[PDB]
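Q: Got a structure here, written out as structure tokens. Questions coming.
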Amino acid sequence: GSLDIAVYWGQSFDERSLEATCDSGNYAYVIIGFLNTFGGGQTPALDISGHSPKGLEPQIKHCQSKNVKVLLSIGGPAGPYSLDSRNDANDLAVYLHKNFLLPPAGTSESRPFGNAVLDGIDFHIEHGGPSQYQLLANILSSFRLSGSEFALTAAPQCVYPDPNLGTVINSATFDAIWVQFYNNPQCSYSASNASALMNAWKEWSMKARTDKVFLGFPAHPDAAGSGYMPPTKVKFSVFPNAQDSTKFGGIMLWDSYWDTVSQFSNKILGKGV
């Protein structure tokens with residue numbers, strides 16, 4: 001009844017399985033990344049590091065049976081995704097809704113993850129935006145109000161306001177955001193000094209129009225170019241001030257593959273290493 005951890009999954013063919021990731025008991029959210037191809041005349045495509053999309057169906061259900069929420073992340077660190085036209089936004093919204101956020105209907109749906117129904121969509125938009133991402137969020141949010149309830153989340157970089165997602169975050173549409181306090185020395189843990197990190201956190205927690213702000217950290221030094229902060233340091237230096245915010249959601253970890261190696265979340269939670 002204390003720390004919620006969101007974790008990205010799908011980043012390595014050889015990673016701990018989705019079902020085993022959920023079985024750790026360490027995570028409140030598992031975020032499958034990524035639908036990294038869409039927009040500009042492209043057909044939608046997943047890059048989930050060679051994992052079988054249809055094979056995820058029972059694993060997603062297992063996760064959900066363990067009261068882990070499972071999201072699909074759109075965009076990702078890189079990839080041929082864009083959302084320049086209003087039609088692109090409509091198309092992506094409908095595709096996501098029909099294939100991932102509703103039970104199957106008819107026979108024409110591609111159902112990448114089979115008959116699984118996901119708990120929401122994560123906006124990990126790292127280039128291009130703000131584009132038509134506001135319209136995409138508007139249409140998905142409309143669906144949130146007209147059928148199955150699901151979450152909308154975002155993964156901005158740590159400079160407030162985010163260049164790709166800042167305007168969409170300002171609409172208050174996201175249930176939660178996890179800020180990437182890494183690959184960005186100006187707003188991350190750096191030179192063994194947390195001042196810039198804590199200044200950035202203060203701003204995000206004050207200004208981000210969302211009920212829950214999570215702090216995103218790398219799970220291992222190799223998981224990001226910069227910004228790794230050891231788990232004892234996060235507990236000691238970040239948590240007392242972060243917990244003073246009514247918006248404190250917990251932490252997000254990049255990513256399950258590396259967390260399996262490092263046992264970062266085990267250390268955060270005080271579970272045996």
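Order determines the names: the first chain of the structure tokens is A, the second B, and so forth; residues in each chain are numbered 1 upward, and ligands are numbered 1 upward as they are shown.
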Just want the 9 Å neighbourhood of stretch 80-94 of chain A, counted on only C-alpha atoms, with same-chain residues fewer than 5 positions away dropped. Output as a ChimeraX atom specification.
A: /A:35-42,44,74-75,99,125,127-137,139-140,143
Q: Would you write out those residues with N, CA and C atoms, as a PDB file, in the first residue's frame?
A:
ATOM      1  N   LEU A  35       4.292   0.774 -30.630  1.00  0.00           N
ATOM      2  CA  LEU A  35       3.744   0.992 -31.965  1.00  0.00           C
ATOM      3  C   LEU A  35       4.539   2.171 -32.516  1.00  0.00           C
ATOM      4  N   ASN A  36       5.621   1.855 -33.222  1.00  0.00           N
ATOM      5  CA  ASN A  36       6.594   2.862 -33.628  1.00  0.00           C
ATOM      6  C   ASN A  36       6.468   3.315 -35.079  1.00  0.00           C
ATOM      7  N   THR A  37       5.448   2.809 -35.763  1.00  0.00           N
ATOM      8  CA  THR A  37       5.223   3.110 -37.168  1.00  0.00           C
ATOM      9  C   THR A  37       3.762   3.466 -37.358  1.00  0.00           C
ATOM     10  N   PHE A  38       3.526   4.691 -37.815  1.00  0.00           N
ATOM     11  CA  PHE A  38       2.199   5.168 -38.183  1.00  0.00           C
ATOM     12  C   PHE A  38       2.312   6.533 -38.832  1.00  0.00           C
ATOM     13  N   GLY A  39       1.232   6.950 -39.486  1.00  0.00           N
ATOM     14  CA  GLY A  39       1.143   8.274 -40.078  1.00  0.00           C
ATOM     15  C   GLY A  39       1.832   8.386 -41.418  1.00  0.00           C
ATOM     16  N   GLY A  40       1.473   9.439 -42.149  1.00  0.00           N
ATOM     17  CA  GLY A  40       2.098   9.755 -43.432  1.00  0.00           C
ATOM     18  C   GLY A  40       2.096   8.596 -44.410  1.00  0.00           C
ATOM     19  N   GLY A  41       0.919   8.022 -44.627  1.00  0.00           N
ATOM     20  CA  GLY A  41       0.749   6.966 -45.621  1.00  0.00           C
ATOM     21  C   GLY A  41       1.247   5.588 -45.228  1.00  0.00           C
ATOM     22  N   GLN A  42       1.857   5.472 -44.050  1.00  0.00           N
ATOM     23  CA  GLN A  42       2.315   4.179 -43.556  1.00  0.00           C
ATOM     24  C   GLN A  42       1.187   3.381 -42.928  1.00  0.00           C
ATOM     25  N   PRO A  44       0.122   0.926 -39.821  1.00  0.00           N
ATOM     26  CA  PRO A  44       0.607   0.838 -38.445  1.00  0.00           C
ATOM     27  C   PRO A  44       1.442  -0.419 -38.230  1.00  0.00           C
ATOM     28  N   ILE A  74       2.662   4.231 -27.842  1.00  0.00           N
ATOM     29  CA  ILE A  74       2.820   4.700 -29.214  1.00  0.00           C
ATOM     30  C   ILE A  74       4.039   5.607 -29.316  1.00  0.00           C
ATOM     31  N   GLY A  75       4.757   5.471 -30.414  1.00  0.00           N
ATOM     32  CA  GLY A  75       5.944   6.274 -30.742  1.00  0.00           C
ATOM     33  C   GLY A  75       7.191   5.507 -30.319  1.00  0.00           C
ATOM     34  N   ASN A  99      -8.717  -2.179 -32.050  1.00  0.00           N
ATOM     35  CA  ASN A  99      -7.821  -3.329 -31.963  1.00  0.00           C
ATOM     36  C   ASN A  99      -7.279  -3.657 -30.583  1.00  0.00           C
ATOM     37  N   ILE A 125       5.916  10.098 -27.323  1.00  0.00           N
ATOM     38  CA  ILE A 125       6.208  10.852 -28.539  1.00  0.00           C
ATOM     39  C   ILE A 125       7.491  11.636 -28.340  1.00  0.00           C
ATOM     40  N   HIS A 127       9.563  12.814 -31.038  1.00  0.00           N
ATOM     41  CA  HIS A 127       9.861  13.719 -32.142  1.00  0.00           C
ATOM     42  C   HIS A 127       8.571  14.074 -32.839  1.00  0.00           C
ATOM     43  N   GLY A 128       8.650  15.139 -33.601  1.00  0.00           N
ATOM     44  CA  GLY A 128       7.585  15.521 -34.496  1.00  0.00           C
ATOM     45  C   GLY A 128       6.579  16.507 -33.968  1.00  0.00           C
ATOM     46  N   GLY A 129       6.109  16.243 -32.732  1.00  0.00           N
ATOM     47  CA  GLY A 129       4.865  16.849 -32.204  1.00  0.00           C
ATOM     48  C   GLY A 129       5.122  18.279 -31.934  1.00  0.00           C
ATOM     49  N   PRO A 130       4.087  19.054 -31.723  1.00  0.00           N
ATOM     50  CA  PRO A 130       2.836  18.623 -31.096  1.00  0.00           C
ATOM     51  C   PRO A 130       1.918  18.082 -32.227  1.00  0.00           C
ATOM     52  N   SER A 131       2.204  18.439 -33.493  1.00  0.00           N
ATOM     53  CA  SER A 131       1.557  17.839 -34.661  1.00  0.00           C
ATOM     54  C   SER A 131       0.023  17.846 -34.447  1.00  0.00           C
ATOM     55  N   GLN A 132      -0.535  16.673 -34.633  1.00  0.00           N
ATOM     56  CA  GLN A 132      -1.962  16.454 -34.376  1.00  0.00           C
ATOM     57  C   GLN A 132      -2.207  15.543 -33.171  1.00  0.00           C
ATOM     58  N   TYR A 133      -1.232  15.481 -32.270  1.00  0.00           N
ATOM     59  CA  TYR A 133      -1.376  14.648 -31.074  1.00  0.00           C
ATOM     60  C   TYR A 133      -2.487  15.113 -30.128  1.00  0.00           C
ATOM     61  N   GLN A 134      -2.775  16.415 -30.104  1.00  0.00           N
ATOM     62  CA  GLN A 134      -3.917  16.904 -29.338  1.00  0.00           C
ATOM     63  C   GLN A 134      -5.225  16.308 -29.868  1.00  0.00           C
ATOM     64  N   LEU A 135      -5.410  16.316 -31.186  1.00  0.00           N
ATOM     65  CA  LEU A 135      -6.593  15.699 -31.781  1.00  0.00           C
ATOM     66  C   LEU A 135      -6.661  14.192 -31.497  1.00  0.00           C
ATOM     67  N   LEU A 136      -5.526  13.502 -31.595  1.00  0.00           N
ATOM     68  CA  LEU A 136      -5.483  12.086 -31.260  1.00  0.00           C
ATOM     69  C   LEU A 136      -5.961  11.859 -29.826  1.00  0.00           C
ATOM     70  N   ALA A 137      -5.414  12.632 -28.888  1.00  0.00           N
ATOM     71  CA  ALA A 137      -5.839  12.540 -27.497  1.00  0.00           C
ATOM     72  C   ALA A 137      -7.320  12.877 -27.344  1.00  0.00           C
ATOM     73  N   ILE A 139      -9.762  12.450 -29.500  1.00  0.00           N
ATOM     74  CA  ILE A 139     -10.594  11.370 -30.004  1.00  0.00           C
ATOM     75  C   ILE A 139     -10.538  10.151 -29.076  1.00  0.00           C
ATOM     76  N   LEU A 140      -9.343   9.780 -28.628  1.00  0.00           N
ATOM     77  CA  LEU A 140      -9.231   8.697 -27.656  1.00  0.00           C
ATOM     78  C   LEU A 140      -9.983   9.022 -26.363  1.00  0.00           C
ATOM     79  N   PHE A 143     -13.563   8.455 -26.754  1.00  0.00           N
ATOM     80  CA  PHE A 143     -13.829   7.020 -26.628  1.00  0.00           C
ATOM     81  C   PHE A 143     -13.836   6.557 -25.166  1.00  0.00           C
TER      82      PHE A 143
END
Q: Using DSSP on the backbone coordinates, identify all residues within stretch 36-251 of chain A classified as strand (DSSP E or B); present the result as a PyMOL selection string.
A: chain A and resi 36-38+45-46+69-76+81+120-125+151-154+157+176-180+190+193+212-218+248-251
Q: If we count only C-alpha atoms and set the cut-off at 10 Å, which residues sit around residue A:52, ignoring sequence neighbours fewer than 5 positions away in its own chain? Please answer as a list in words.
A: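 Residues near the query, excluding close chain neighbours: residues 13, 57, 112 and 113 of chain A.
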Q: Keeping only C-alpha atoms, take the residues you just selected and write them out as an mmCIF file, in the first residue's frame.
A:
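Below is the file that was written, result-v3.cif:
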data_model
loop_
_atom_site.group_PDB
_atom_site.id
_atom_site.type_symbol
_atom_site.label_atom_id
_atom_site.label_comp_id
_atom_site.auth_asym_id
_atom_site.auth_seq_id
_atom_site.Cartn_x
_atom_site.Cartn_y
_atom_site.Cartn_z
ATOM 1 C CA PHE A 13 13.933 -10.261 -27.753
ATOM 2 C CA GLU A 57 -2.581 -12.283 -25.500
ATOM 3 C CA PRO A 112 -2.276 -7.655 -32.965
ATOM 4 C CA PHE A 113 -2.532 -8.940 -29.394
#
Q: Please list as a count of residues only every residue within 7 Å of residue A:215, counting only C-alpha atoms and excluding residues in the same chain fewer than 2 positions away.
A: 9
Q: If you count only C-alpha atoms, which residues fall within 10 Å of residue A:20, apart from same-chain ones fewer than 3 positions away, as an NGL selection string?
A: :A and (15-17 or 23-25 or 59 or 62-63)
Q: With only C-alpha atoms as the counted atoms, please give the residues lying no more than 12 Å from residue A:69, apart from itself and same-chain residues fewer than 6 positions off, as an NGL selection string.
A: :A and (4-8 or 18 or 22 or 27-32 or 59-63 or 117-122 or 150-153)
Q: Could those residues be written to a file, using C-alpha atoms, as a tab-separated table (two decimals), in the first residue's frame?
A:
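Result went into part-v4.tsv, see below:
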chain	number	residue	atom	x	y	z
A	4	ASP	CA	3.70	2.15	-7.51
A	5	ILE	CA	6.21	1.37	-10.25
A	6	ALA	CA	5.53	1.58	-13.98
A	7	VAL	CA	7.94	-0.28	-16.24
A	8	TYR	CA	8.50	-0.44	-19.98
A	18	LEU	CA	5.72	-10.27	-20.03
A	22	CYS	CA	4.13	-9.23	-13.95
A	27	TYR	CA	4.94	-3.26	-10.94
A	28	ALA	CA	1.57	-1.52	-11.00
A	29	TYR	CA	1.83	-0.78	-14.75
A	30	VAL	CA	3.61	-2.59	-17.54
A	31	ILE	CA	3.92	-0.56	-20.71
A	32	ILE	CA	4.41	-2.53	-23.92
A	59	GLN	CA	0.43	-12.94	-20.97
A	60	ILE	CA	-1.49	-9.65	-20.95
A	61	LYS	CA	-4.47	-11.47	-19.40
A	62	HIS	CA	-2.22	-13.06	-16.80
A	63	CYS	CA	-0.81	-9.61	-15.91
A	117	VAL	CA	-8.16	-5.71	-24.12
A	118	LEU	CA	-5.52	-3.29	-22.88
A	119	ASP	CA	-5.83	-0.87	-19.98
A	120	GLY	CA	-4.76	2.19	-21.95
A	121	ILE	CA	-2.41	4.01	-24.29
A	122	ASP	CA	0.92	5.63	-23.46
A	150	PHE	CA	-9.08	3.02	-20.22
A	151	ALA	CA	-6.13	5.23	-19.26
A	152	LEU	CA	-4.15	7.77	-21.24
A	153	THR	CA	-0.57	8.37	-20.15
Q: Once DSSP has gone over the backbone, tell me which residues of stretch 17-254 of chain A are in helix (DSSP H, G or I), as a tab-separated table (two decimals) with N, CA, C and O atoms, in the first residue's frame.
A:
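Final output, selection_36.tsv:
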chain	number	residue	atom	x	y	z
A	18	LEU	N	6.71	-11.18	-20.57
A	18	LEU	CA	5.72	-10.27	-20.03
A	18	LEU	C	5.05	-10.87	-18.79
A	18	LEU	O	4.93	-10.21	-17.76
A	19	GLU	N	4.64	-12.13	-18.88
A	19	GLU	CA	3.99	-12.77	-17.73
A	19	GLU	C	4.93	-12.86	-16.51
A	19	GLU	O	4.50	-12.61	-15.39
A	20	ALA	N	6.21	-13.19	-16.73
A	20	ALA	CA	7.16	-13.25	-15.62
A	20	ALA	C	7.45	-11.87	-15.04
A	20	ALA	O	7.67	-11.72	-13.84
A	21	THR	N	7.44	-10.86	-15.90
A	21	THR	CA	7.61	-9.48	-15.46
A	21	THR	C	6.49	-9.12	-14.47
A	21	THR	O	6.74	-8.62	-13.37
A	22	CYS	N	5.26	-9.45	-14.84
A	22	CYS	CA	4.13	-9.23	-13.95
A	22	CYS	C	4.22	-10.05	-12.67
A	22	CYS	O	3.88	-9.55	-11.60
A	23	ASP	N	4.70	-11.28	-12.78
A	23	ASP	CA	4.84	-12.17	-11.62
A	23	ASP	C	5.85	-11.70	-10.58
A	23	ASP	O	5.83	-12.17	-9.44
A	56	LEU	N	1.35	-12.50	-26.99
A	56	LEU	CA	1.16	-11.65	-25.82
A	56	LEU	C	-0.22	-11.79	-25.21
A	56	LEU	O	-0.38	-11.49	-24.03
A	57	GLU	N	-1.21	-12.22	-25.99
A	57	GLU	CA	-2.58	-12.28	-25.50
A	57	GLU	C	-2.72	-12.92	-24.10
A	57	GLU	O	-3.21	-12.26	-23.18
A	58	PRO	N	-2.28	-14.19	-23.92
A	58	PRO	CA	-2.48	-14.79	-22.59
A	58	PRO	C	-1.61	-14.15	-21.51
A	58	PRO	O	-1.97	-14.16	-20.34
A	59	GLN	N	-0.47	-13.58	-21.92
A	59	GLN	CA	0.43	-12.94	-20.97
A	59	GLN	C	-0.16	-11.63	-20.44
A	59	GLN	O	-0.05	-11.33	-19.24
A	60	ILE	N	-0.78	-10.86	-21.33
A	60	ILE	CA	-1.49	-9.65	-20.95
A	60	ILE	C	-2.60	-10.01	-19.95
A	60	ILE	O	-2.73	-9.38	-18.89
A	61	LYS	N	-3.38	-11.04	-20.28
A	61	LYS	CA	-4.47	-11.47	-19.40
A	61	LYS	C	-3.94	-11.93	-18.05
A	61	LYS	O	-4.54	-11.64	-17.02
A	62	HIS	N	-2.82	-12.64	-18.05
A	62	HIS	CA	-2.22	-13.06	-16.80
A	62	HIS	C	-1.83	-11.84	-15.94
A	62	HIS	O	-2.13	-11.78	-14.75
A	63	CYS	N	-1.16	-10.87	-16.57
A	63	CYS	CA	-0.81	-9.61	-15.91
A	63	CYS	C	-2.04	-8.96	-15.28
A	63	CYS	O	-2.01	-8.57	-14.10
A	64	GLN	N	-3.12	-8.85	-16.05
A	64	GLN	CA	-4.33	-8.20	-15.58
A	64	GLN	C	-4.97	-8.97	-14.44
A	64	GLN	O	-5.51	-8.37	-13.50
A	65	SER	N	-4.89	-10.30	-14.49
A	65	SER	CA	-5.41	-11.14	-13.40
A	65	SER	C	-4.63	-10.92	-12.10
A	65	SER	O	-5.14	-11.20	-11.01
A	86	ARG	N	-4.94	15.72	-39.74
A	86	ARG	CA	-6.09	15.39	-38.91
A	86	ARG	C	-6.56	13.97	-39.18
A	86	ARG	O	-6.93	13.25	-38.25
A	87	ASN	N	-6.53	13.57	-40.45
A	87	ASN	CA	-6.90	12.21	-40.82
A	87	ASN	C	-6.00	11.16	-40.17
A	87	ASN	O	-6.50	10.13	-39.71
A	88	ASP	N	-4.70	11.43	-40.10
A	88	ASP	CA	-3.76	10.55	-39.39
A	88	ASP	C	-4.20	10.33	-37.94
A	88	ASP	O	-4.16	9.20	-37.44
A	89	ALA	N	-4.61	11.40	-37.26
A	89	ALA	CA	-5.04	11.32	-35.87
A	89	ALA	C	-6.31	10.47	-35.73
A	89	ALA	O	-6.37	9.60	-34.86
A	90	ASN	N	-7.30	10.73	-36.58
A	90	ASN	CA	-8.53	9.93	-36.62
A	90	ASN	C	-8.20	8.45	-36.83
A	90	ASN	O	-8.67	7.58	-36.11
A	91	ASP	N	-7.37	8.19	-37.83
A	91	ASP	CA	-7.02	6.83	-38.21
A	91	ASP	C	-6.35	6.08	-37.07
A	91	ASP	O	-6.70	4.94	-36.77
A	92	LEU	N	-5.38	6.73	-36.44
A	92	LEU	CA	-4.69	6.08	-35.34
A	92	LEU	C	-5.62	5.87	-34.14
A	92	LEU	O	-5.60	4.80	-33.53
A	93	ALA	N	-6.46	6.86	-33.83
A	93	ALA	CA	-7.41	6.72	-32.72
A	93	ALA	C	-8.34	5.52	-32.92
A	93	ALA	O	-8.52	4.71	-32.02
A	94	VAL	N	-8.91	5.41	-34.12
A	94	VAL	CA	-9.84	4.32	-34.42
A	94	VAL	C	-9.12	2.97	-34.40
A	94	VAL	O	-9.62	2.00	-33.83
A	95	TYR	N	-7.93	2.93	-35.00
A	95	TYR	CA	-7.13	1.70	-35.01
A	95	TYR	C	-6.84	1.22	-33.59
A	95	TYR	O	-7.02	0.04	-33.29
A	96	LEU	N	-6.39	2.12	-32.73
A	96	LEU	CA	-6.08	1.77	-31.35
A	96	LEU	C	-7.32	1.31	-30.60
A	96	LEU	O	-7.29	0.32	-29.87
A	97	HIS	N	-8.41	2.03	-30.79
A	97	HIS	CA	-9.66	1.70	-30.11
A	97	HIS	C	-10.21	0.35	-30.49
A	97	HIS	O	-10.51	-0.45	-29.61
A	98	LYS	N	-10.31	0.12	-31.78
A	98	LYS	CA	-10.90	-1.13	-32.27
A	98	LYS	C	-10.03	-2.34	-31.96
A	98	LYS	O	-10.55	-3.41	-31.65
A	99	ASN	N	-8.72	-2.18	-32.05
A	99	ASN	CA	-7.82	-3.33	-31.96
A	99	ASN	C	-7.28	-3.66	-30.58
A	99	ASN	O	-6.92	-4.81	-30.33
A	100	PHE	N	-7.22	-2.66	-29.70
A	100	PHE	CA	-6.58	-2.82	-28.40
A	100	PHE	C	-7.46	-2.45	-27.22
A	100	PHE	O	-7.24	-2.95	-26.13
A	101	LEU	N	-8.43	-1.56	-27.41
A	101	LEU	CA	-9.16	-1.00	-26.27
A	101	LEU	C	-10.58	-1.51	-26.13
A	101	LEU	O	-11.26	-1.21	-25.15
A	133	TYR	N	-1.23	15.48	-32.27
A	133	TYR	CA	-1.38	14.65	-31.07
A	133	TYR	C	-2.49	15.11	-30.13
A	133	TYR	O	-3.09	14.28	-29.45
A	134	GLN	N	-2.77	16.42	-30.10
A	134	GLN	CA	-3.92	16.90	-29.34
A	134	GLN	C	-5.22	16.31	-29.87
A	134	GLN	O	-6.05	15.84	-29.09
A	135	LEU	N	-5.41	16.32	-31.19
A	135	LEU	CA	-6.59	15.70	-31.78
A	135	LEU	C	-6.66	14.19	-31.50
A	135	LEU	O	-7.72	13.67	-31.19
A	136	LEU	N	-5.53	13.50	-31.60
A	136	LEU	CA	-5.48	12.09	-31.26
A	136	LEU	C	-5.96	11.86	-29.83
A	136	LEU	O	-6.81	11.00	-29.58
A	137	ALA	N	-5.41	12.63	-28.89
A	137	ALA	CA	-5.84	12.54	-27.50
A	137	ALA	C	-7.32	12.88	-27.34
A	137	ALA	O	-8.02	12.21	-26.59
A	138	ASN	N	-7.79	13.90	-28.06
A	138	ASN	CA	-9.21	14.27	-28.00
A	138	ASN	C	-10.13	13.13	-28.42
A	138	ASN	O	-11.15	12.87	-27.79
A	139	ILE	N	-9.76	12.45	-29.50
A	139	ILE	CA	-10.59	11.37	-30.00
A	139	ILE	C	-10.54	10.15	-29.08
A	139	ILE	O	-11.57	9.58	-28.74
A	140	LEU	N	-9.34	9.78	-28.63
A	140	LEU	CA	-9.23	8.70	-27.66
A	140	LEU	C	-9.98	9.02	-26.36
A	140	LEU	O	-10.67	8.17	-25.81
A	141	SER	N	-9.86	10.26	-25.90
A	141	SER	CA	-10.56	10.69	-24.69
A	141	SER	C	-12.08	10.63	-24.87
A	141	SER	O	-12.80	10.23	-23.96
A	142	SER	N	-12.56	11.00	-26.06
A	142	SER	CA	-13.97	10.83	-26.41
A	142	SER	C	-14.40	9.37	-26.26
A	142	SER	O	-15.46	9.08	-25.72
A	143	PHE	N	-13.56	8.45	-26.75
A	143	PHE	CA	-13.83	7.02	-26.63
A	143	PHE	C	-13.84	6.56	-25.17
A	143	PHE	O	-14.62	5.68	-24.80
A	144	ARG	N	-12.97	7.15	-24.35
A	144	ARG	CA	-12.89	6.90	-22.90
A	144	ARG	C	-14.24	7.18	-22.22
A	144	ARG	O	-14.58	6.56	-21.20
A	166	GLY	N	3.93	18.89	-24.60
A	166	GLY	CA	3.57	19.94	-23.64
A	166	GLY	C	2.15	20.47	-23.80
A	166	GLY	O	1.41	20.60	-22.83
A	167	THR	N	1.77	20.77	-25.03
A	167	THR	CA	0.43	21.29	-25.29
A	167	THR	C	-0.65	20.25	-24.97
A	167	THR	O	-1.69	20.58	-24.42
A	168	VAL	N	-0.39	19.00	-25.28
A	168	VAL	CA	-1.38	17.96	-25.01
A	168	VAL	C	-1.48	17.69	-23.48
A	168	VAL	O	-2.52	17.54	-22.96
A	169	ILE	N	-0.33	17.74	-22.80
A	169	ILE	CA	-0.35	17.63	-21.34
A	169	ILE	C	-1.18	18.77	-20.72
A	169	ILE	O	-1.95	18.55	-19.79
A	170	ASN	N	-1.04	19.97	-21.29
A	170	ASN	CA	-1.78	21.15	-20.81
A	170	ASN	C	-3.30	21.03	-20.91
A	170	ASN	O	-4.03	21.78	-20.25
A	185	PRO	N	21.01	15.75	-19.08
A	185	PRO	CA	21.71	16.16	-17.85
A	185	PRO	C	21.15	17.41	-17.17
A	185	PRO	O	21.20	17.52	-15.94
A	186	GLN	N	20.58	18.33	-17.95
A	186	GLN	CA	20.04	19.57	-17.40
A	186	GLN	C	18.87	19.39	-16.44
A	186	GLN	O	18.59	20.27	-15.63
A	187	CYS	N	18.18	18.24	-16.51
A	187	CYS	CA	17.03	17.99	-15.63
A	187	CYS	C	17.06	16.61	-14.96
A	187	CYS	O	16.05	16.18	-14.41
A	195	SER	N	20.38	18.48	-7.59
A	195	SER	CA	19.75	19.80	-7.62
A	195	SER	C	18.89	20.04	-8.87
A	195	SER	O	17.74	20.45	-8.75
A	196	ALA	N	19.44	19.78	-10.03
A	196	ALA	CA	18.71	19.97	-11.29
A	196	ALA	C	17.53	19.02	-11.39
A	196	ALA	O	16.49	19.43	-11.86
A	197	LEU	N	17.72	17.79	-10.94
A	197	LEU	CA	16.64	16.81	-10.88
A	197	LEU	C	15.51	17.32	-10.00
A	197	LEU	O	14.35	17.31	-10.41
A	198	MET	N	15.85	17.77	-8.80
A	198	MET	CA	14.82	18.18	-7.86
A	198	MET	C	14.12	19.46	-8.29
A	198	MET	O	12.92	19.60	-8.10
A	199	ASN	N	14.86	20.38	-8.92
A	199	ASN	CA	14.26	21.58	-9.50
A	199	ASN	C	13.26	21.23	-10.60
A	199	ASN	O	12.16	21.77	-10.64
A	200	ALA	N	13.64	20.30	-11.48
A	200	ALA	CA	12.75	19.84	-12.55
A	200	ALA	C	11.52	19.12	-11.98
A	200	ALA	O	10.39	19.38	-12.40
A	201	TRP	N	11.73	18.24	-11.01
A	201	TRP	CA	10.60	17.58	-10.35
A	201	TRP	C	9.63	18.60	-9.76
A	201	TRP	O	8.42	18.45	-9.91
A	202	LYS	N	10.13	19.62	-9.08
A	202	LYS	CA	9.28	20.62	-8.45
A	202	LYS	C	8.40	21.29	-9.48
A	202	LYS	O	7.24	21.48	-9.28
A	203	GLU	N	9.01	21.62	-10.61
A	203	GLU	CA	8.24	22.25	-11.67
A	203	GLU	C	7.16	21.33	-12.25
A	203	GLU	O	6.01	21.74	-12.41
A	204	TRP	N	7.54	20.09	-12.58
A	204	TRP	CA	6.58	19.12	-13.12
A	204	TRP	C	5.44	18.86	-12.15
A	204	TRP	O	4.27	18.87	-12.54
A	205	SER	N	5.77	18.65	-10.88
A	205	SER	CA	4.73	18.36	-9.90
A	205	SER	C	3.81	19.56	-9.67
A	205	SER	O	2.63	19.37	-9.42
A	206	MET	N	4.33	20.78	-9.81
A	206	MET	CA	3.50	21.97	-9.66
A	206	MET	C	2.63	22.24	-10.89
A	206	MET	O	1.45	22.58	-10.76
A	207	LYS	N	3.20	22.10	-12.08
A	207	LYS	CA	2.57	22.62	-13.29
A	207	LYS	C	1.88	21.60	-14.19
A	207	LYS	O	0.99	21.97	-14.95
A	221	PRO	N	23.00	1.56	-15.31
A	221	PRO	CA	23.82	2.55	-16.03
A	221	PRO	C	23.83	2.41	-17.56
A	221	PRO	O	23.94	3.42	-18.28
A	222	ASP	N	23.73	1.18	-18.06
A	222	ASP	CA	23.75	0.92	-19.49
A	222	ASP	C	22.41	1.19	-20.17
A	222	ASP	O	22.34	1.19	-21.39
A	223	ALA	N	21.35	1.39	-19.38
A	223	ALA	CA	20.00	1.53	-19.92
A	223	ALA	C	19.73	2.89	-20.56
A	223	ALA	O	18.78	3.03	-21.33
A	231	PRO	N	19.54	3.24	-6.67
A	231	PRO	CA	18.28	3.16	-6.01
A	231	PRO	C	18.34	3.67	-4.55
A	231	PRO	O	17.39	4.28	-4.04
A	232	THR	N	19.49	3.49	-3.88
A	232	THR	CA	19.59	4.05	-2.51
A	232	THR	C	19.56	5.58	-2.55
A	232	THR	O	19.05	6.17	-1.59
A	233	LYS	N	20.09	6.22	-3.57
A	233	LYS	CA	20.05	7.62	-3.70
A	233	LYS	C	18.62	8.10	-4.02
A	233	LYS	O	18.19	9.13	-3.56
A	234	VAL	N	17.90	7.36	-4.90
A	234	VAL	CA	16.52	7.77	-5.16
A	234	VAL	C	15.70	7.73	-3.84
A	234	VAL	O	15.00	8.68	-3.55
A	235	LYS	N	15.84	6.66	-3.09
A	235	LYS	CA	15.11	6.54	-1.85
A	235	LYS	C	15.47	7.67	-0.86
A	235	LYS	O	14.60	8.25	-0.20
A	236	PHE	N	16.74	7.93	-0.73
A	236	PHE	CA	17.19	8.90	0.26
A	236	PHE	C	16.90	10.32	-0.12
A	236	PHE	O	16.44	11.16	0.68
A	237	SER	N	17.15	10.68	-1.42
A	237	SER	CA	17.14	12.07	-1.88
A	237	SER	C	15.95	12.45	-2.59
A	237	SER	O	15.63	13.70	-2.56
A	238	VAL	N	15.23	11.57	-3.24
A	238	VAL	CA	14.06	11.98	-4.04
A	238	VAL	C	12.77	11.78	-3.28
A	238	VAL	O	11.93	12.70	-3.26
A	239	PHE	N	12.56	10.65	-2.67
A	239	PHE	CA	11.30	10.32	-2.05
A	239	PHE	C	10.76	11.26	-0.97
A	239	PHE	O	9.61	11.52	-0.99
A	240	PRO	N	11.57	11.74	-0.02
A	240	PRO	CA	11.01	12.62	1.01
A	240	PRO	C	10.38	13.88	0.40
A	240	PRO	O	9.30	14.17	0.75
A	241	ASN	N	11.02	14.52	-0.53
A	241	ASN	CA	10.40	15.71	-1.16
A	241	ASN	C	9.27	15.30	-2.13
A	241	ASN	O	8.25	15.87	-2.08
A	242	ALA	N	9.50	14.31	-2.96
A	242	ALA	CA	8.47	13.89	-3.90
A	242	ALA	C	7.18	13.50	-3.22
A	242	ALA	O	6.14	13.83	-3.67
Q: Would you work out the distance separating atom CA of residue A:34 from atom CA of residue A:177, expressed in Å to one decimal?
A: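 Taking atom CA of residue A:34 and atom CA of residue A:177, their separation equals 16.8 Å.
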Q: As a short mmCIF file (atom, residue, chain, number, x, y, z; two decimals) with N, CA and C atoms, in the first residue's frame, please: the residues near residue A:172 (cut-off 9 Å, only C-alpha atoms, same-chain neighbours under 4 positions excluded).
A:
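New file out07.cif:
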data_model
loop_
_atom_site.label_atom_id
_atom_site.label_comp_id
_atom_site.auth_asym_id
_atom_site.auth_seq_id
_atom_site.Cartn_x
_atom_site.Cartn_y
_atom_site.Cartn_z
N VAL A 168 -0.39 19.00 -25.28
CA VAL A 168 -1.38 17.96 -25.01
C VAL A 168 -1.48 17.69 -23.48
N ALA A 208 2.29 20.33 -14.13
CA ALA A 208 1.72 19.35 -15.05
C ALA A 208 0.27 19.09 -14.71
N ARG A 209 -0.61 19.24 -15.71
CA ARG A 209 -2.04 19.11 -15.48
C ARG A 209 -2.46 17.65 -15.58
N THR A 210 -2.08 16.90 -14.55
CA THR A 210 -2.38 15.48 -14.45
C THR A 210 -2.52 15.14 -12.97
N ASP A 211 -3.30 14.10 -12.67
CA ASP A 211 -3.47 13.67 -11.28
C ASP A 211 -2.22 13.01 -10.71
#
